[PDB]
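Participant: This is the structure I want to talk about, given as structure tokens.
Read-outs: derived from the displayed coordinates by stated rules, not from any lab. All Cβ positions, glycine included, derive from the backbone under ideal geometry; neighbour counts span all protein chains shown.
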Amino acid sequence: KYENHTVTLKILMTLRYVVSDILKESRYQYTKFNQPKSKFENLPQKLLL
Amino acid sequence: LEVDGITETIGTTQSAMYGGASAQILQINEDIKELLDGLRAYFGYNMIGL
Ligand SMILES: [Zn+2]
């Protein structure tokens, strides 16, 4: 029925992102309290999406 | 402690006037006193003639 008609839509789509830069990229702690020995833990990165 | 945009603050129960577990100890005393006073009534006072 709509061979030569126009069609328009209002649509919902899932949010999506890509990492375009990594910022304040690494933060660190030698956690030692209440451990058998010194341990290295990487704290949260910040991403610019 | 604040490093590189991440910060943390902690305030312990420790203080110059009272230790960190002082609340637990002081509640233990409150129970022991009630518990001990009541139990002494099971045995009673001591008497000796003279
Ligand atoms: Zn007696």
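Participant: With a Förster radius of 35 Å, plug the Cβ-Cβ distance of B:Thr9 and A:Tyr17 into 1/(1 + (r/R0)^6) and report the FRET value to the nearest 0.05.
Facilitator: For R0 = 35 Å, the calculated efficiency reads 0.65.
Participant: Report the gain in length on full extension from B:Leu50 to B:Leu35: 0.36 nm times residue separation, minus Cα-Cα distance, nm rounded to one decimal.
Facilitator: Full-extension gain reported as 2.2 nm.
Participant: With the cut-off at 1.5 for a/c, could you classify chain B from its C-alpha gyration tensor as rounded, prolate or oblate?
Facilitator: Here chain B falls in the prolate category.
Participant: I've got another one for you. Give me B:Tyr42, A:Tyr28 sorted ascending by neighbouring Cβ count inside 10 Å, so fewest comes first.
Facilitator: The fewest-first ordering by Cβ neighbours comes to B:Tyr42, A:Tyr28.
Participant: Rounded to the nearest 10 degrees, what's the angle between the helix B:22-43 long axis and the longest principal axis of chain B, both from Cα atoms, 0 to 90?
Facilitator: With rounding to tens, the tilt is 10 degrees.
Participant: Over 15 Å, how big is the tail of the calculated P(r) for the protein assembly as shown, in percent of all Cα pairs?
Facilitator: Value for the protein assembly as shown (Cα pairs over 15 Å): 84 percent.
Participant: Between chain B and chain A, how far is it from one alpha carbon centroid to the other, in angstrom?
Facilitator: 48 Å
Participant: Could you work out the pair-distance distribution P(r) of chain A from its alpha-carbon pairs, with 10 angstrom bin width and percents rounded to whole numbers?
Facilitator: 18, 21, 18, 16, 11, 8, 6, 3
Participant: To the nearest 0.05, what FRET efficiency results for A:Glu41 and B:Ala21 with a Förster distance of 30 Å applied to their C-beta separation?
Facilitator: Approximately 0.55, to the nearest 0.05.
Participant: Hey, what did chain A get for relative contact order, percent, Cα under 8 Å, at least 6 apart?
Facilitator: This gives 38 percent for chain A.
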